[PDB]
>>> print(open('final-v8.cif').read())   # mmCIF, N, CA and C atoms and all ligand atoms
data_data
loop_
_atom_site.label_atom_id
_atom_site.label_comp_id
_atom_site.auth_asym_id
_atom_site.auth_seq_id
_atom_site.Cartn_x
_atom_site.Cartn_y
_atom_site.Cartn_z
N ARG O 1140 -28.24 16.10 57.04
CA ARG O 1140 -26.89 15.62 57.34
C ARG O 1140 -26.58 14.35 56.56
N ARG O 1141 -27.63 13.69 56.06
CA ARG O 1141 -27.47 12.39 55.43
C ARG O 1141 -26.62 12.49 54.16
N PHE O 1142 -26.72 13.60 53.43
CA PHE O 1142 -25.86 13.77 52.27
C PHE O 1142 -24.40 13.88 52.68
N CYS O 1143 -24.13 14.55 53.80
CA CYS O 1143 -22.77 14.58 54.33
C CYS O 1143 -22.31 13.20 54.76
N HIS O 1144 -23.22 12.41 55.35
CA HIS O 1144 -22.89 11.03 55.69
C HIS O 1144 -22.52 10.24 54.44
N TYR O 1145 -23.27 10.44 53.36
CA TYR O 1145 -22.97 9.76 52.10
C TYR O 1145 -21.61 10.18 51.56
N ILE O 1146 -21.29 11.48 51.64
CA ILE O 1146 -19.99 11.93 51.14
C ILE O 1146 -18.86 11.44 52.03
N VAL O 1147 -19.13 11.19 53.32
CA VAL O 1147 -18.11 10.65 54.21
C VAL O 1147 -17.69 9.26 53.74
N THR O 1148 -18.64 8.47 53.25
CA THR O 1148 -18.33 7.13 52.77
C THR O 1148 -17.47 7.13 51.52
N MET O 1149 -17.23 8.29 50.90
CA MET O 1149 -16.39 8.39 49.71
C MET O 1149 -15.01 8.96 49.98
N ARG O 1150 -14.81 9.66 51.10
CA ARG O 1150 -13.56 10.37 51.37
C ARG O 1150 -12.46 9.40 51.83
N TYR O 1151 -12.14 8.45 50.95
CA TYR O 1151 -11.17 7.39 51.24
C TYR O 1151 -11.54 6.67 52.54
N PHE O 1152 -12.84 6.48 52.75
CA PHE O 1152 -13.33 5.91 54.00
C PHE O 1152 -13.10 4.41 54.06
N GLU O 1153 -13.24 3.72 52.92
CA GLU O 1153 -13.07 2.27 52.90
C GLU O 1153 -11.63 1.88 53.22
N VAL O 1154 -10.66 2.66 52.73
CA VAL O 1154 -9.27 2.35 53.02
C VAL O 1154 -8.97 2.55 54.50
N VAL O 1155 -9.53 3.60 55.10
CA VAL O 1155 -9.32 3.84 56.53
C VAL O 1155 -9.97 2.74 57.35
N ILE O 1156 -11.17 2.30 56.96
CA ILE O 1156 -11.83 1.22 57.68
C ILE O 1156 -11.05 -0.08 57.54
N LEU O 1157 -10.50 -0.34 56.35
CA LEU O 1157 -9.68 -1.53 56.16
C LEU O 1157 -8.43 -1.48 57.02
N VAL O 1158 -7.79 -0.31 57.09
CA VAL O 1158 -6.58 -0.17 57.90
C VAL O 1158 -6.89 -0.37 59.37
N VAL O 1159 -8.00 0.21 59.85
CA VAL O 1159 -8.32 0.05 61.27
C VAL O 1159 -8.71 -1.40 61.56
N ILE O 1160 -9.37 -2.08 60.62
CA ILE O 1160 -9.68 -3.49 60.80
C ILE O 1160 -8.40 -4.31 60.93
N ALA O 1161 -7.44 -4.07 60.04
CA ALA O 1161 -6.19 -4.82 60.08
C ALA O 1161 -5.42 -4.54 61.36
N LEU O 1162 -5.34 -3.27 61.76
CA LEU O 1162 -4.60 -2.93 62.97
C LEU O 1162 -5.26 -3.51 64.21
N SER O 1163 -6.60 -3.52 64.24
CA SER O 1163 -7.28 -4.08 65.40
C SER O 1163 -7.17 -5.60 65.42
N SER O 1164 -7.10 -6.24 64.25
CA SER O 1164 -6.81 -7.67 64.22
C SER O 1164 -5.43 -7.96 64.78
N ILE O 1165 -4.43 -7.16 64.39
CA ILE O 1165 -3.09 -7.33 64.95
C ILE O 1165 -3.11 -7.11 66.46
N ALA O 1166 -3.92 -6.16 66.92
CA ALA O 1166 -4.06 -5.94 68.36
C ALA O 1166 -4.66 -7.15 69.05
N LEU O 1167 -5.65 -7.78 68.41
CA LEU O 1167 -6.22 -9.01 68.95
C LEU O 1167 -5.17 -10.11 69.05
N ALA O 1168 -4.33 -10.24 68.02
CA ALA O 1168 -3.28 -11.24 68.04
C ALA O 1168 -2.16 -10.92 69.02
N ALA O 1169 -2.09 -9.69 69.52
CA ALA O 1169 -1.00 -9.26 70.39
C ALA O 1169 -1.33 -9.40 71.87
N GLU O 1170 -2.52 -9.87 72.22
CA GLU O 1170 -2.92 -9.93 73.61
C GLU O 1170 -2.20 -11.06 74.34
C1 LIG L 1 -2.08 -12.36 55.81
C2 LIG L 1 -2.64 -12.36 57.23
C3 LIG L 1 -3.76 -13.36 57.37
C4 LIG L 1 -1.53 -12.59 58.26
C5 LIG L 1 -1.14 -11.38 59.09
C6 LIG L 1 -0.09 -11.68 60.13
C7 LIG L 1 -0.44 -11.20 61.54
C8 LIG L 1 -1.91 -11.46 61.83
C9 LIG L 1 0.48 -11.83 62.60
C10 LIG L 1 1.71 -12.56 62.00
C11 LIG L 1 2.73 -12.68 63.15
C12 LIG L 1 2.08 -11.97 64.33
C13 LIG L 1 2.95 -11.43 65.46
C14 LIG L 1 3.69 -12.56 66.17
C15 LIG L 1 4.14 -12.17 67.55
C16 LIG L 1 3.97 -10.98 68.10
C17 LIG L 1 4.67 -10.62 69.40
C18 LIG L 1 3.70 -10.02 70.38
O1 LIG L 1 4.34 -9.77 71.66
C19 LIG L 1 5.33 -8.88 71.81
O2 LIG L 1 5.28 -7.74 71.45
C20 LIG L 1 6.46 -9.45 72.59
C21 LIG L 1 6.97 -8.53 73.68
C22 LIG L 1 6.52 -8.90 75.08
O3 LIG L 1 6.29 -10.10 75.33
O4 LIG L 1 6.39 -7.99 75.92
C23 LIG L 1 3.07 -8.80 69.76
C24 LIG L 1 2.24 -9.22 68.56
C25 LIG L 1 3.07 -9.93 67.47
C26 LIG L 1 3.93 -8.89 66.73
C27 LIG L 1 2.12 -10.67 66.50
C28 LIG L 1 1.09 -9.72 65.87
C29 LIG L 1 0.25 -10.40 64.78
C30 LIG L 1 1.15 -10.93 63.67
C31 LIG L 1 1.92 -9.79 62.99
#
>>> encode(input="final-v8.cif", output="structure tokens", more="lines below")
Ligand SMILES: CC(C)CCC[C@@H](C)[C@H]1CC[C@H]2[C@@H]3CC=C4C[C@@H](OC(=O)CCC(=O)O)CC[C@]4(C)[C@H]3CC[C@]12C
Amino acid sequence: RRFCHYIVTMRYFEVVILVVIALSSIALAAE
């Protein structure tokens, strides 16, 4: 499964992680 895990890190994964980081930061600021 590890090769699939490696390919997951390429499927525009960094942009999705960046977006979720930004949105969760905004959620932190919205409390
Ligand atoms: C470049 C980076 C470092 C700056 C990114 C900006 C955001 C981190 C900040 C800027 C202004 C902030 C907003 C300022 C005030 C509010 C109102 C706040 O409360 C409400 O929705 C009011 C309604 C209610 O009181 O029921 C929700 C979060 C929000 C949009 C904040 C969310 C976080 C924001 C977008």
>>> residues_near_ligand(input="final-v8.cif", ligand="ligand LIG 1 (chain L)", cutoff="8 Å", atoms="all atoms listed in the file", output="list in words")
residues 1161, 1164, 1165, 1166, 1167, 1168, 1169 and 1170 of chain O
>>> axis_aligned_box(input="final-v8.cif", around="stretch 1144-1158 of chain O", padding_each_side="6 Å", output="lines of an AutoDock Vina configuration file")
center_x = -14.9
center_y = 5.4
center_z = 54.5
size_x = 28.7
size_y = 25.9
size_z = 21.7
>>> select_by_dssp(input="final-v8.cif", residues="chain O", states="alpha helix (DSSP H)", output="list in words")
residues 1141, 1142, 1143, 1144, 1145, 1146, 1147, 1152, 1153, 1154, 1155, 1156, 1157, 1158, 1159, 1160, 1161, 1162, 1163, 1164, 1165, 1166, 1167 and 1168 of chain O
>>> atom_distance(input="final-v8.cif", atom1="atom CA of residue O:1145", atom2="atom CA of residue O:1157")
17.9 Å
>>> atom_distance(input="final-v8.cif", atom1="atom N of residue O:1159", atom2="atom N of residue O:1147")
16.9 Å
>>> atom_distance(input="final-v8.cif", atom1="atom C of residue O:1141", atom2="atom C of residue O:1160")
25.7 Å
